[PDB]
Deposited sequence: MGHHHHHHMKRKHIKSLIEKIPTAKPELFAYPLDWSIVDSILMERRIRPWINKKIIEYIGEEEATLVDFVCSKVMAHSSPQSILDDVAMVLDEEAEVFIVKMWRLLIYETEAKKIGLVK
């Protein structure tokens, strides 16, 4: 189950993720699965790793807290655009694809 459920349903979970930004931003994200654990396990490091490509520190925690505050994807994007231009728009799209995939995967266990 460690990462076993994520790999086994690759065909199914990927179908859930919308390819259009407005549709994907509208996606009914279950924040109840977005808990304290999922942040340290997969989300927080993913953010910190992806931030290196754009810049080469303190901002990392800001983004985490906003996801934990269950903010609108567009609301965060606006705040990040103050730091990372139009690269910030590509940033959240890819993160939302992550959240959907993760949140959805822990539901597959039943």
task: Would you list the gaps, meaning deposited-sequence stretches without C-alpha coordinates, in the order they occur?
output: 1-4, 61-63, 118-119
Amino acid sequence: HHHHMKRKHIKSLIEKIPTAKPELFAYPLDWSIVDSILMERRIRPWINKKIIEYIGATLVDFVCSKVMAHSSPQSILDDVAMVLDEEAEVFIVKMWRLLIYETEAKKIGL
From here on, numbers count along this sequence of modelled residues.
query: Got a sec? Mean C-alpha B-factor, which is higher, 15-23 or 94-102?
result: 15-23
field: Chain-relative CA temperature factor third for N48
entry: middle
query: Based on the entry's values, in what third of the chain does the Cα temperature factor of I37 lie: lowest, middle or highest?
result: highest
Modelled-residue ranking by C-alpha temperature factor, third containing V63: middle
field: Third assignment of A57 from its chain's C-alpha B-factors
entry: highest
- line: On the chain's distribution of Cα B-factors, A69 falls within the third called highest
